[PDB]
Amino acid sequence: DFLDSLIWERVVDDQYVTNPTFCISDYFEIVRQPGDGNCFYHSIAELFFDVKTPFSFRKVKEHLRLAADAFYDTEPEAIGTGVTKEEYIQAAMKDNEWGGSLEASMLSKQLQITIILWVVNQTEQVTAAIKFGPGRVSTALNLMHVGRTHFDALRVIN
């Protein structure tokens, strides 16, 4: 199928990028998440857990604390930042604190899952996707990044 036939460019380790151009709605269903600053963790929780509550995102952030302690110091996105592992963890653990690609990279390795962030413009057209982990699209946790400020969850249409 279309999604599993995309060509992925390896960035570093198990991080890949691809730049197709298609409307996100033609292949995914959007599962909308609140704009409370936790949308990234909401979106992961929507797809990773079987039960969704307004506080499921906190279980994802518990895994993030374990992931950061084991992977932050070797994260390619965290080079040239000058922020230590301890400074990042307690700052990332605050309520309503945004997350994204750095958190996806570490959670991918902690949970042994593949996470894909689909970057979407205002026309709902894909401009880029970043895949964390070796899996394919149909088995990955697919998130939609809209307005460069928000994350929703995506489910592959059949």
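Just count from 1 along the sequence shown to find any residue number.
A.B. asks: Going by the mean C-alpha B-factor recorded in the entry, which is higher: 89-97 or 56-64?
C.D. replies: Comparing 89-97 with 56-64, the higher mean C-alpha B-factor belongs to 89-97.
A.B. asks: Quick one: higher average CA temperature factor, 145-153 or 132-140?
C.D. replies: If you average the C-alpha B-factors of 132-140 and of 145-153, the larger mean comes out for 132-140.
A.B. asks: Can you tell me which of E103, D36, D26, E46 has the highest Cα temperature factor in the record?
C.D. replies: Within the set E103, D36, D26, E46, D26 shows the top C-alpha B-factor.
A.B. asks: Hey, out of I30, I116, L107, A70, whose CA B-factor is highest in the deposited coordinates?
C.D. replies: Of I30, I116, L107, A70, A70 has the highest C-alpha B-factor.
A.B. asks: Per the entry's values, where does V51 land by CA temperature factor relative to the rest of its chain, in the lowest, middle or highest third?
C.D. replies: Highest third - that is where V51 ends up once the chain's C-alpha B-factors are sorted.
A.B. asks: How does the C-alpha B factor of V126 compare with the rest of the chain: lowest, middle or highest third?
C.D. replies: It belongs to the middle third of the chain when residues are ordered by C-alpha B-factor.
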